[PDB]
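Everything in the sequence shown is counted per mature numbering (1 follows the signal peptide of the UniProt record, and there is no 0), starting at 8 for the first residue and increasing by one.
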Amino acid sequence: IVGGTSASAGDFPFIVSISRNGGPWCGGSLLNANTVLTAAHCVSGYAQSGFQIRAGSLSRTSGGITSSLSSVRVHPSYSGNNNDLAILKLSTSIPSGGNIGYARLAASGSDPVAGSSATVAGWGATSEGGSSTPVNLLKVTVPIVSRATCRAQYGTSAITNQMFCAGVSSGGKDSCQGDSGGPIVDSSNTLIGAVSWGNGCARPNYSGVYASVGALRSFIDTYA
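Shown next as structure tokens:
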């Protein structure tokens with residue numbers, strides 16, 4: 008997260024950190040005791056044994072409850088930047104309670120409205136290419152950017168109806184490498200997306216791009 012602040016205990020109770028080969032990798036969202044939602048690009052094409060999830064901690068290295076993966080399912084239309092969600096099943100179930108909870112999902116057919124406030128969180132870099140990544144969770148609030156404006160930034164075909172955008176026109180606030188897969192929520196604390204892609208991080212005139220939970224809700228509901 009670039010331009011963020013420290014998360015407090017009990018913020019994002021459903022967030023999980025996802026390590027790969029013992030090192031930082033991505034974020035995700037705990038949907039229920041045995042299921043995590045993340046970005047497809049975090050897991051597609053990699054050995055599933057490399058991953059570990061951690062829930063219930065501000066730290067990505069220590070505390071909370073961990074689990075390995077039992078299975079990985081990517082959206083059936085996932086390709087590159089498009090349809091960038093995956094469902095992970097956990098080898099060890101994780102109960103709600105204390106600083107762990109489960110996400111509430113945006114409805115099928117919904118689309119975040121331009122200008123509304125969203126909050127994204129993760130353990131990614133705080134600069135493009137950053138040499139070290141924070142141990143404790145960060146968060147930042149950014150406005151939704153209309154799909155039309157985002158298409159003017161990236162190209163008409165580049166931003167699909169299963170993506171939405173968020174950021175500040177002058178830059179300075181965004182998700183960044185290592186935040187992929189983690190949650191973005193709306194002003195009701197409903198999970199509206201997962202960190203997906205962008206041109207660099209927090210650049211002026213290049214919004215962060217998010218996989219849309221509303222748009223992909225049928226997939227999520229099938230496998231959750």
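The beta carbon of each residue, even a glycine, is placed where N, CA and C say it ideally should be.
Nearest-angstrom Cβ-Cβ length linking residue i and residue j, presumed shorter than 8 Å
i: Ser64; j: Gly57; result: With 8 Å as the limit, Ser64 and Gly57 do not qualify as a contact, their Cβ atoms being about 20 Å apart.
i: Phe21; j: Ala110; result: 4 Å
i: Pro150; j: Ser123; result: 7 Å
i: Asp118; j: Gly221; result: 6 Å
i: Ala125; j: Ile101; result: With 8 Å as the limit, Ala125 and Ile101 do not qualify as a contact, their Cβ atoms being about 25 Å apart.
i: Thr148; j: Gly185; result: 19 Å between Cβ atoms; not a contact.
i: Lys96; j: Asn41; result: 6 Å
i: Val216; j: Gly205; result: 5 Å
i: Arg224; j: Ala93; result: Not really, about 14 Å apart at Cβ, beyond 8 Å.
Spatial distance of residue i from residue j (CA atoms)
i: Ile199; j: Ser36; result: 11 Å
i: residue 4; j: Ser153; result: This structure leaves residue 4 out entirely; the chain is present only between 8 and 231.
i: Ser69; j: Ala159; result: 42 Å
i: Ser134; j: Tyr230; result: 35 Å
i: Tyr213; j: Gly179; result: 11 Å
i: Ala201; j: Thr73; result: 21 Å
i: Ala47; j: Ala218; result: 10 Å
i: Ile107; j: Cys172; result: 28 Å
i: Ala128; j: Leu145; result: 6 Å
i: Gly136; j: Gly174; result: 19 Å
i: residue 232; j: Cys157; result: Residue 232 is absent from the model: the chain starts at 8 and stops at 231.
i: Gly52; j: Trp130; result: 22 Å
i: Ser177; j: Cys208; result: 12 Å
i: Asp18; j: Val120; result: 23 Å
i: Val23; j: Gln59; result: 10 Å
i: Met170; j: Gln55; result: 26 Å
i: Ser78; j: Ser13; result: 32 Å
i: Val9; j: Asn168; result: 26 Å
i: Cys49; j: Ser66; result: 19 Å
i: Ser203; j: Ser15; result: 24 Å
i: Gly116; j: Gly34; result: 25 Å
i: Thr163; j: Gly104; result: 44 Å
i: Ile25; j: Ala155; result: 32 Å
For residue i, three-class secondary structure by DSSP
i: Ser56; result: helix
i: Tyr217; result: strand
i: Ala46; result: coil
i: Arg67; result: coil
i: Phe226; result: helix
i: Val142; result: coil
i: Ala121; result: coil
i: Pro102; result: coil
i: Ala62; result: strand
i: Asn212; result: coil
Residue i - containing beta strand (DSSP E), residue span
i: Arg111; result: Here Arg111 belongs to no beta strand (DSSP E), and DSSP marks it neither H nor E.
i: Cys33; result: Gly30 to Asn39
i: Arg27; result: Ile22 to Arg27
i: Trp204; result: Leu198 to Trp204
i: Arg80; result: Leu76 to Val81
i: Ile94; result: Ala93 to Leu97
i: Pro190; result: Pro190 to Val192
i: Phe171; result: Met170 to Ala173
Extent of the continuous alpha helix (DSSP H) to which residue i belongs
i: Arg154; result: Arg154 to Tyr161
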